[PDB]
Amino acid sequence: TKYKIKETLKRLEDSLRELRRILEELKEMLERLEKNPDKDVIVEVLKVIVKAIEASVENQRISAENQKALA
Amino acid sequence: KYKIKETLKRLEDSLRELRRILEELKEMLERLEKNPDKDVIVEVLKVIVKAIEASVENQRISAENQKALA
Amino acid sequence: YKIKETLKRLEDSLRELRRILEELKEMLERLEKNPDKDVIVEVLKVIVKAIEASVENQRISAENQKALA
């Protein structure tokens, strides 16, 4: 079960890097919203939020995988 | 350890619910792209908070289970 | 001790997350009252902090899993 745990941790690490990237983009677009809260900008922000939530669920999947292995 | 197995099963069910909400969320996302107007935006925000609430609940169950593995 | 301390960090991070969620939950009810423009923006900003809080909790959770391994 050694390969399993460490392989999932590496994927979990990559998944986390992806989350931080999307969050960076989410904070960049949030500053646009401030300068001028248009309605098309709001649309774009919503899309990235769903991407973040997608990435988040994906991370939690890998986490659950690792918890199975640990048990 | 019975609790661990039980929590994993619970953690598993929470995940399935997340994907269901995620699909729902992904549907409505291409329903404001057709009608970029107000209160359809509100419909999505409702589902986003729902997704997040489900996400936090999933993380609560997850940490609870990690306290057990220790 | 890693495990014990990481688990404590996880507890605090989770608390932080649940708190922001309570705020987000209230902001949503305010939106069911009067959808506005400033109101909507106010909800998006809270949603981002929640995601930030969630990513932070997931990072701390991963470290707790590292220790367990």
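Quick note: the coordinates plus some simple rules give every number you see, no bench work behind them. Backbone-built Cβ (ideal geometry, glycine too); neighbour counts: all protein chains shown.
Seen from B:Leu8, the other residues with C-beta closer than 12 Å to its C-beta sum to a net charge of +1, counting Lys and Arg as +1 and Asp and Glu as -1. Projecting the Cα atoms of A:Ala71, B:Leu22, B:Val56 onto the charge dipole of the protein assembly as shown (Cβ charges, centred on the Cα centre) puts A:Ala71 farthest toward the positive pole. For the range A:60-71, backbone phi angles converted through the Karplus equation (6.51, -1.76, 1.60; θ = phi - 60°) give residue-by-residue couplings of 5, 5, 5, 4, 4, 4, 6, 6, 4, 4, 5, 8 Hz, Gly and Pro being listed as x.
Counting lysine pairs in chain C that sit 8 or more residues apart in sequence, or on different chains, and whose Cα atoms lie under 28 Å apart gives 17. Summing Cβ point charges (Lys, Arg +1; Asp, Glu -1) relative to the Cα centre of the range B:2-69 gives a dipole of roughly 380 debye. Mean sequence separation of contacting Cα pairs (under 8 Å, at least six apart), scaled by the length of the range B:2-69, corresponds to a relative contact order of 54 percent.
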